[PDB]
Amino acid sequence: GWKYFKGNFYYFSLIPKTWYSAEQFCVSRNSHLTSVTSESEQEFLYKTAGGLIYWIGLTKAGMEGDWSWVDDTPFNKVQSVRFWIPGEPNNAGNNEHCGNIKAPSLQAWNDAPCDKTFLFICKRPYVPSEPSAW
């Protein structure tokens, strides 16, 4: 049930999990909760989400609480300001350290507490089966 888009496969879960349990599910399937690194990818993801809330690989790292991608893609702060819902991230009750796709729109992301359970989206690069490149 993996959907293909620009060199990556994506898994849209049918069962809700916490942020970390979802990530462990993704890792068990040789993947990670999805990063988002372009306008077209965000569009593909929110359009496919169809108005439902999915955890993505948005989470906090460093002492600052800078946002990051659990798949280790460097987070581009400047290029990602267009992807949050206006007023987000707002850190409601000082306890929101994970991120989901919420609004069916380009401005779509929200921070929520990591312990809430939602559907989730895993992402994995297409890697062709090919011999030793050494």
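The first residue of the shown sequence is 1; numbering continues from there.
**Q** Identify the stretch, either 88-96 or 52-60, whose C-alpha atoms have the larger mean B-factor according to the entry.
**A** The deposited B-factors put 88-96 ahead on the C-alpha mean.
**Q** Please compare 122-130 with 20-28 and say which has the higher mean C-alpha temperature factor in the record.
**A** The stretch with the larger average C-alpha B-factor is 122-130.
**Q** Is residue 80 in the lowest, middle or highest third of its chain when residues are ranked by C-alpha B-factor?
**A** Middle third by C-alpha B-factor.
**Q** Please place residue 38 in the lowest, middle or highest third of its chain according to the CA B-factor in the PDB entry.
**A** Middle third, going by the recorded CA B-factors of the chain.
**Q** When the modelled residues of the chain are sorted by Cα temperature factor, does residue 101 land in the lowest, middle or highest third?
**A** Residue 101: CA B-factor falls in the lowest third of its chain.
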